[PDB]
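1. let me see the structure of the following:
(8 chains)
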Amino acid sequence: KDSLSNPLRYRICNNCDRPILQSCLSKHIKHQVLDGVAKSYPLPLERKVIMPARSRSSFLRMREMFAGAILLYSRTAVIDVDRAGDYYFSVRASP
Amino acid sequence: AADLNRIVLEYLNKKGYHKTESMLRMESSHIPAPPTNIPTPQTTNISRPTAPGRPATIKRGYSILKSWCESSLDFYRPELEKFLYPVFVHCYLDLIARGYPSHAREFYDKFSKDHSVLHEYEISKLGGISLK
Amino acid sequence: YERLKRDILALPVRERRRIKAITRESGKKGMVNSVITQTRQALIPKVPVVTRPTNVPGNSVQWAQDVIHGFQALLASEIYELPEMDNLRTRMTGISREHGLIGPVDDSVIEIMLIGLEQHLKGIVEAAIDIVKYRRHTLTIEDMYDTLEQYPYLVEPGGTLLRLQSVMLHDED
Amino acid sequence: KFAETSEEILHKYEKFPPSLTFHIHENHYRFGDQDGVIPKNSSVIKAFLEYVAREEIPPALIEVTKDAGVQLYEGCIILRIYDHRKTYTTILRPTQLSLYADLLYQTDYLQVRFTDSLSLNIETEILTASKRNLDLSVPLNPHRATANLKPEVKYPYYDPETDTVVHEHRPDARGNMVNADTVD
Amino acid sequence: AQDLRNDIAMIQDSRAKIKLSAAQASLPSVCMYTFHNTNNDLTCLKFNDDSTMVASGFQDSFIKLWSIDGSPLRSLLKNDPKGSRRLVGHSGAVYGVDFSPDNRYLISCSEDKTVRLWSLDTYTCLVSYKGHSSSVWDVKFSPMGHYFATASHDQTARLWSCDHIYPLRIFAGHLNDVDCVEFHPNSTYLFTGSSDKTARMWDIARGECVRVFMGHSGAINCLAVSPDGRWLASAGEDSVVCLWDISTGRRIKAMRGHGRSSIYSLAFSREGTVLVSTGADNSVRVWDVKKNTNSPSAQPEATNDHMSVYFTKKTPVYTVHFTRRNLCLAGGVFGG
Amino acid sequence: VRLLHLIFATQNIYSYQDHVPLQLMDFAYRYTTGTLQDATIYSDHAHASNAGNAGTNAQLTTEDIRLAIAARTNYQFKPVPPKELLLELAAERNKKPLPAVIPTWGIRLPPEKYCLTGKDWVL
Amino acid sequence: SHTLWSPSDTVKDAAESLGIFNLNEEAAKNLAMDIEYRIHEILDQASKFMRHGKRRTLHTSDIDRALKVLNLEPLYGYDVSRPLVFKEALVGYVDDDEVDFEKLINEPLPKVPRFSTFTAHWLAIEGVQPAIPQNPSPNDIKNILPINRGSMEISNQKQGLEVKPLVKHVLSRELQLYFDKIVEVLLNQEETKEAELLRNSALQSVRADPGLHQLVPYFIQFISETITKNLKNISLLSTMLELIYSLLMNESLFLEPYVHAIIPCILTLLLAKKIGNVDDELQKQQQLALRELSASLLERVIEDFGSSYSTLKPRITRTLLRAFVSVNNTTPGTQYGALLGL
Amino acid sequence: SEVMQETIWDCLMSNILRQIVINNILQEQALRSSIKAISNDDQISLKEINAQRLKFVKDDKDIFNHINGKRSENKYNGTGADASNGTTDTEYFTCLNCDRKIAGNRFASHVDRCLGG
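-> Residues are numbered from 1 along each chain as shown, chains lettered A, B, ... in the order given. Take a look:
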């Protein structure tokens, strides 16, 4: 009962160093379900991204310049003519 | 946690101007500053209004002299009133010899009205002098 | 209130529907909701490359030489004049291939677009003229910022208005 | 051993080529092992040269530079320019847009289960501190956080005749003057 | 200066155990200012420098200067003939106000993307300012004057001068709204804090972010700087005050208290020995700061670093202002 | 609606005024009406209207709704943080130097004719 | 379904109110998805405007502005007054009706409230919170324990009873020794050439140094002990007058609480009722001057703290004139001090 | 009924508290009498109660030091080699089956080949 009520009660034999339980010493000397469910995390359908033509154009221009200079071969996306309308697409990553 | 260490160390491995030596110094963002002190106005001087992209201390000392006195007790007025004028003319001579004669003129006729009841001809004595 | 609120929600027969909405929805390959990947994926050029299980008609193979050519044009705001057809056509093919279409723009689109454009700009400048003089003057940037503070329904926000609030330089500089 | 300096980055971090060499002979522009040549195309290289007359790496080098060099090629760059009228070199550095680009090209893989807004945010809290172990956090006394030395002023005065007067700086542009440059 | 040198040595002898060494903690006095009869039409307060005035920015474009200790609020003119002065010249609600350390001017931001300047010897506007695309929350001067800064909902911050009318620098690093702005005591740094649960530091000349601090699950509302240049305070909806070290980028301490409510304002001492939080749980909370820092002043006989809490009569509190002397000066609302 | 209170519970805002649920529900009704209205227009557009050419039969798949919403957010609905735009734009501003001057312990105002001089407005 | 806002009836009600029939189910699921996201969007924006008004009970102005900032059309016609009903209605349930209409004439006048004026009081003198003025009692034990957490906290000889200065644990280990150094350098009194030079800089130190509001009352009790222990030494009383000139030239010290405990020292000194004061060629050659210095100090004190108290200058004037007219001054010097102080 | 019920609950609560406190006071009096230089109890490798002013065994908030305040190897630092300050890699055990010093991290693999014999 109450195994962790106090430390292990024992003594050490001074002849052989064994830990000895007290009873062995003499002989050795001889509802909330819906709260948990309500974790919807809704989403939209589409988001806008404020990105003008000029910024991305200068970026892409200088990009393909350096890409053709050092090493299509640039880092590009890949979209299929079918099943589009999704939101993220894979990448070619051709070196 | 340790994943962040993993990823940032791989990053710094890829950054060619981050070798293994100084990347570990980069990981010394966990030693803080030493306990430093507040700049009392005992040693460190003031600074001027300026920009963030990198004289008249005599005037301010005289301002101290004319402030700390009048703010004192009433018993000590009849003796520091005569401690006022001589050090004023002394500091004026000091600055006008230092090399700021224009400044000398301006704080002279600014503080020429210091002891006008005692000295009457001395303002004319020191008003007819501009240059070193 | 919370416990009583949930109990009253259970008073409705929709407690069952409320109990079923525990999973993560968008049962698809995914709908990301982050920011940086939206940006990047909305920054690189795409390419409309096609499959061919049995037959994918169109009789004109898809190319992404067109997208590079489109992003390389001397677009407006460098030059001092509104773009003549050819530039606009070169830019469009790029966008159509880049969105996932195919086939060439058919030379009537460009003209109707120019038409709508010049109508737009005449409206804007008429507004500014209505600002400056009531009834020999000359117009500035500040008047246009004033009228794009009054009437912002004209221009779609993004890109340019932020750029407009970073060009208002002071006199000496 | 703090080394987050500007001129010292050029003075000490020298005598080794992880660089990108440029080439000029008064008519063309080139860098590295380039099969082609760039003429005076102000659409591109003037955008470059604007940055390089300052000390900022443009935002756009990063992804090609990364996929090209596997190591010993990044952290910053120096550019090797040599004329044919000498040789010269000068340094370029990040701008926080280059750094945000260092997060973009990491997004072409593992877009899901990546906790982008969290992980790629907390990454900067470590990176930005680690790049810069040289900050100048040192105060100095004003006339406002002590006493007995509050100064005088004479601009916001009250004339007996006129009402009040103020300090207001001085341009040279008057009224009904020529507006700006030509329309071209 | 021979006798002068002997007296300097005597001053140094005073330095030996006659001059105080530690300047340990010192529990504060307080004087409260509850603002009655407002129908919750009131966002900000702010106190003066020499503690003579208190300005409150309402939510219908109104700024009602109050005079402490009398009614000397009269212009220097011949016209304009009690001690409360109301300021017009605004379109939308007022969210931040700040005073001039020379204390003859006044600045006031709003949601109508204006920043505006007022005199104080005629109680009159002089200038308008416009470079912002959305609501401006808090506008704060430099510790010296001449330069002021603003925070907005446009996820960007602009540093102004007072002479030039359009901004000088624009700082952009927040994925959400920049709730608060402050200047480090050298006046060459700015600390933005935002609803993205992050904090940032900027070089006014550079534009770009020297350090970023992250934690604090929840927003941010107020920030403070300890006079000596090590320490910034993050207060947010989470209700846990966090003390940050600029060089480490990692919070030195995480003061825990304040129930579960937003923390609206806070402040340090004259000498960094003590700070004060001030909150919406209808309570103010003095915290010691040097319990476990690099200067472990302990001075011995929910978590610690908590000297005392003074409760109020059901009043959410909005600000503080340590005077030169020992005492604080507070401002709250709602009475009973 | 009680479910609107349930949704309020997600953001730790249990201090409403009871006009908000009416108002936000009214709003969502208005919004979705407009949305699935112009999506119906686009469903007509695929069905190739003019002054009598064919019929009008409704299906209203998800793609049409996506179209009708992307047009709205083309001019509404505060989008993802446009950081990169702001970074480059601010670098363009954060390019020209400070004045590097000394007004010598006062305030330096803009020149009159840029200052306001807030007198009593008069004709 | 997917989420909240059941699209089986809500979105169905919307579309069938428009006049359609064919809305596929998954479409209405996705529509519920979108409108719920828009709700969270507007709600966070109006929260941003909420916690600038530093309130909690979100009002309608918050969401109205939050619309105005999203480039989105406003929404008129929602007044705080005339509250809501949500009356029921049944059909063979819908729980909707509004029966707040049918007006013909209005002729009511709104009543203006008071202006916004402020009520100062005093709170938390030196750590202890009075309950006598507008403050709470210990009634936050009844508050909701997640909210408002944590709680740590006869005569003219009064300096404070609810502060408990008896226990000598509060000052510090350091501060006792600092105070010992101070008092010992003060009470030196050996020579006339160097001792004043040896103590004057500690005097001028406590004149100007921070954080002294911890050890003030110990200092007060010590100096009152000095005056009641000895009356003869011109040196000690001179040093104490100069010390009080020191404590009053400080700028980091608040001294409202202790004026009514420092006044007695200045007065019992300024009268200076000497039982002895033998003729020694300096019984009056400077005693008059010391009385004069104390009188000027008194002038300073009354000129400073004549706003936080009204009974002081009253009490001071009454004390001195009662000690003045009495013919049993037993010495001219006390009356002279009275005369030059008045 | 409420007052009598609170009284009954209070007798149950106070007896339980007194029983727990008696067990605690006696155990700690025994540990202090037995070991006058007690700094740490036997404890276990698993963390006990969170650190307090009567926290026995060295508790590190940083997670790097063991119950005696010593480093184990919670730092993967080093110079790329000899790293760890020498944890188990630089330890050896004398094997009684073959009389060899064996690296401690290799005892299991050595045993399988050595006890083969």
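2. does residue E:45 lie in a helix or a strand, and which?
-> Secondary structure here is read from DSSP states H and E; on that basis residue E:45 sits in strand E:42-47.
3. what about the residue nearest to residue D:179 when sequence neighbours are not counted, which SS state?
-> Spatial nearest neighbour of residue D:179, chain neighbours left out: residue C:138 (5.8 Å); criterion: CB to CB, 6 or more residues apart in numbering or on different chains. Any C-beta I mention is one placed from the backbone N, CA and C, and that applies to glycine too. Of the three states, residue C:138 takes coil according to DSSP: H, G, I helix; E, B strand; the rest coil.
4. residue C:138 contacts residue D:180, correct?
-> No. Contact status for residue C:138 versus residue D:180: not in contact, 9.7 Å apart, counting by CB atoms under 8 Å.
5. can you tell me which residue of chain H sits closest to chain A?
-> When scored by CB to the nearest CB, chain H has residue H:27 as its residue closest to chain A, at 5.7 Å.
6. residues contacting that residue?
-> Under the criterion of CB atoms under 8 Å, 6 or more residues apart in numbering or on different chains, the contact list for residue H:27 reads A:6-7.
7. how much space between it and residue H:43?
-> Relative to residue H:43, residue H:27 is positioned 13 Å away (criterion: CB to CB, to the nearest Å).
8. how about residue C:114, what does it touch?
-> The neighbourhood of residue C:114, defined by CB under 8 Å, 6+ apart, consists of C:82, C:85, C:88.
9. can you show me the strands along chain B?
-> Read by DSSP state E, chain B holds no strands at all.
10. which parts of it sit against chain H?
-> By the criterion of CB under 8 Å from any CB of the partner chain, the positions of chain B lying close to chain H are B:20, B:24.
11. closest residue of chain B to chain D?
-> Nearest residue of chain B to chain D, counting by CB to the nearest CB: residue B:17, 2.7 Å away.
12. give me the nearest residue to that residue, chain neighbours excluded.
-> By the measure of CB to CB, 6+ apart, the closest residue to residue B:17 outside its immediate chain neighbours is residue D:75, 2.7 Å from it.
13. wait, the one you found sits on residue B:22?
-> No. Residue D:75 sits out of contact with residue B:22 when judged by CB under 8 Å, with a separation of 9.7 Å.
14. now do the phi/psi pair for the residue in chain G that chain C sits nearest to.
-> Among residues of chain G, the one nearest chain C by CB to the nearest CB turns out to be residue G:2. It sits 4.1 Å away. Torsion angles at residue G:2 (phi, psi; degrees, to the nearest 10) stand at phi -110, psi -60.
15. now it. Nearest residue, chain neighbours left out?
-> Among residues not flanking residue G:2 along the chain, residue C:25 sits closest, at 4.1 Å (CB to CB, 6+ apart).
16. ok, the one you found touching residue A:43?
-> Yes. Counting by CB under 8 Å, residue A:43 is a contact partner of residue C:25 at 7.5 Å.
17. common neighbours of these two, please.
-> With CB under 8 Å, 6+ apart, residue C:25 and residue A:43 have common neighbours residue G:33.
18. returning to what we had before: was I right about the residue of chain G closest to chain C contacting residue C:28?
-> No. Here residue G:2 lies out of contact with residue C:28, judged by CB under 8 Å, at a distance of 11.7 Å.
19. who has more neighbours, the two?
-> Between residue G:2 and residue C:28, counting by other CB atoms under 10 Å in any protein chain shown, residue G:2 is the more crowded of the two (23 against 8).
20. list the contacts of that one.
-> Applying CB under 8 Å, 6+ apart, one finds that residue G:2 lies in contact with A:40, C:21, C:25, G:29-30, G:32-33.
21. now, which of the residues you listed sits nearest chain F?
-> Checking these against chain F by CB to the nearest CB gives residue G:30 as the nearest, at 5.5 Å.
22. just checking, what packs against the strand or helix carrying that closest one?
-> With the criterion set as DSSP H and E, the secondary-structure element containing residue G:30 is helix G:25-50. Taking 3 or more CB pairs under 8 Å, 6 or more residues apart in numbering or on different chains; DSSP states H and E as contact, the helices and strands that helix G:25-50 lies on are helix F:2-8, helix F:20-46, helix F:62-72, helix G:10-18, helix G:60-68.
23. tabulate those helices (JSON lines), appending distance to residue D:170 and mean neighbour count.
-> Output for those, formatted as JSON lines (distance: least, CB to CB, whole Å; neighbours: other CB atoms under 10 Å in any protein chain shown):
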{"stretch": "helix F:2-8", "distance to residue D:170": "57", "mean neighbour count": "18"}
{"stretch": "helix F:20-46", "distance to residue D:170": "53", "mean neighbour count": "18"}
{"stretch": "helix F:62-72", "distance to residue D:170": "51", "mean neighbour count": "19"}
{"stretch": "helix G:10-18", "distance to residue D:170": "64", "mean neighbour count": "17"}
{"stretch": "helix G:60-68", "distance to residue D:170": "40", "mean neighbour count": "19"}
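24. any chance of these in JSON lines, plus distance to residue G:269?
-> As requested, the helices and strands packed on helix G:25-50 are exported to JSON lines (distance: least, CB to CB, whole Å):
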{"stretch": "helix F:2-8", "distance to residue G:269": "70"}
{"stretch": "helix F:20-46", "distance to residue G:269": "70"}
{"stretch": "helix F:62-72", "distance to residue G:269": "85"}
{"stretch": "helix G:10-18", "distance to residue G:269": "87"}
{"stretch": "helix G:60-68", "distance to residue G:269": "64"}
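25. middle-most residue in the chain, spatially?
-> No chain specified, so I'll use chain A. residue A:41 (18.8 Å; CA atoms, centre = their mean).
26. nope, chain G please
-> The centre of chain G sits closest to residue G:123, judged by CA atoms, centre = their mean, with a distance of 5.1 Å.
27. rewinding a little: whichever of the contacts of residue G:2 end up buried, select them in ChimeraX.
-> What follows is the ChimeraX syntax for the buried subset of those, where burial is set by 16 or more other CB atoms under 10 Å in any protein chain shown:
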select /A:40 /C:21,25 /G:29,30,32,33
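28. any idea which of the contacts of residue G:2 is closest to chain E?
-> Within the contacts of residue G:2, proximity to chain E (CB to the nearest CB) peaks at residue A:40, which comes in at 20.3 Å.
29. would you mind measuring from the closest one to chain C?
-> Taking CB to the nearest CB, to the nearest Å as the measure, residue A:40 and chain C are separated by 6 Å.
30. okay, and which of the contacts of residue C:114 map to helices?
-> Judged by DSSP state H, helices contain the following of these: C:85, C:88.
31. tabulate the contacts of residue C:114 (CSV), appending neighbour count and distance to residue G:67.
-> Putting the contacts of residue C:114 into CSV (neighbours: other CB atoms under 10 Å in any protein chain shown; distance: CB to CB, whole Å) gives the following:
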residue, neighbour count, distance to residue G:67
C:82, 12, 36
C:85, 13, 42
C:88, 20, 37
